[PDB]
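Breakdown of the fold
Given next are the chains, with one letter for each unit.
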Amino acid sequence: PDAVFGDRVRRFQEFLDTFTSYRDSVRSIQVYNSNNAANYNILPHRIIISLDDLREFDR
Amino acid sequence: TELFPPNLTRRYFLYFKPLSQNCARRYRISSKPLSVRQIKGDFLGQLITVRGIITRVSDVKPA
C-alpha cells in the first residue's frame, strides 16, 4: 500500500492530539471494570469523537 | 480388525452441579440466577442457570 496508507499514518500522528481530552476517558472507564471484576464479592467500548476536535484544525 | 469406539460400552452418563451457598461468600459467581434478558453476550459456550416457567412439553423419543 504506500498511497492508500500514507494519509492513514499522517492521520495516525494527527488524531492523537484529537484525543488529548479522551485519552484519560478511554482508560478511566476500564480500570475500575478491571477492578470490580476482580472483587465482585460492564460497559461497552464507546469512544465518542466529537466534531469539534476534528473540524477546528483538519480539513 | 476394528476396536470399539468408546461410546459403545458406557451404560452410564455424566452430570454437573454448581454452587450458590456461603462457599461463594467464603473466598473467590458462575451460578447467580440471571434472567433470559441479559444473556446474549459472552455467555455462549458456558454453564449458566436460568429460572423460568416450563411450557410446551413434547414427548420422549429414542435418539
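Residues numbered from 1 in each chain as written, not as in the entry; some residues may be left out. Chains lettered and ligands numbered in written order. Part of a larger assembly, values for the part shown. Heavy atoms only, no water.

cryo-EM is the method the PDB entry states for this structure, with the resolution given as 7 Å.

Section: the overall build of chain B
When its secondary structure is counted, chain B shows 0 helices and 0 strands. Taking 2.2 N^0.38 as the reference for a compact globule, 63 residues should give roughly 11 Å; the C-alpha atoms of chain B span a radius of gyration of 18 Å, well beyond that estimate. Oriented by its inertia axes, the alpha-carbon framework of chain B measures out at about 55 × 35 × 25 Å. A total of 63 residues make up chain B; the buried ones form 3% of that total. (Helix = DSSP H or I, 4+ residues; strand = E, 2+ residues; numbered from the N terminus. Rg over C-alpha atoms; globule rule 2.2 N^0.38 Å. Buried < 20%, exposed > 50% of the residue type's maximum accessible area, 1.4 Å probe, protein only.)

Quick look at the packing of aromatic side chains
Residue and element names in this part refer to chain A. For the coordinates displayed, the defined rule picks out 3 aromatic pairs over all chains. Here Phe5 and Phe12 contribute two aromatic rings whose centre-to-centre distance is 6.1 Å and whose plane-to-plane angle is 70 degrees, an arrangement assigned as edge-to-face. Judged by relative accessible area, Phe5 falls into the partly exposed class, the value being 36%. Three or more aromatic residues link up through ring pairs in this structure, and these residues are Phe5, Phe12, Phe15 and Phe19. (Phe/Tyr/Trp six-rings, centres within 6.5 Å; stacked < 30°, edge-to-face > 60°.)

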